[PDB]
């Protein structure tokens, strides 16, 4: 063209602020981890109290 | 016949104004092109703003 002809290295760009993450697929063992006695994977909060190894 | 016998090249014709088109079958990708983040084919309007290549 021969109108106002802007340069190739003078053309603007733009960078976005919103970023994407990668999917993780949380857990398939999550409904089965409880602290009661009739659970498959049983937890113990006895060392969350006073002390121990 | 031997009544009023009109000529073969003197018979009228008529041309219609309503025309037909060819079917196109719009798009099978049309419910899947959005601008959000949970879409399959994602669009970006960042160059529809100020400038860029």
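What is the minimum Cβ-to-axis distance for chain A, in whole Å, where the axis maps A onto B, and to which residue does it belong?
Closest Cβ on chain A to the axis mapping it onto B, in Å: A:31, 33.
Give me the orientation-averaged projected area of the Cα convex hull of chain A, in nm², one decimal.
Its Cα hull, projected and averaged over all orientations, spans 10.2 nm².
Among A:14, A:22, A:37, which one moves the most in a GNM of chain A with springs linking Cα atoms closer than 10 Å?
For chain A, modelled as a Gaussian network with Cα springs under 10 Å, the answer is A:14.
What are the nm distances, shortest first, from residue A:19 to its equivalents in the other copies, labels at 7 Å along Cα→Cβ?
Here the equivalent label points are 5.6 nm apart from this one.
Can you list, shortest first and in nm, the gaps between the label point of residue B:30 and those of its counterparts in the other copies, using a point 7 Å from Cα in the C-beta direction?
3.7
Give me Rg over Rh for the protein assembly as shown, both radii from the alpha carbons and Rh done the Kirkwood way, two decimal places.
On the way: Rg = 37.2 Å, Rh = 25.0 Å.
In the protein assembly as shown, Rg relative to Rh is 1.49.
Coordinate-derived values only; no laboratory data. Methodologically, a virtual Cβ is constructed for each residue, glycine included, from the backbone with ideal geometry; neighbour enumeration extends over all protein chains shown.
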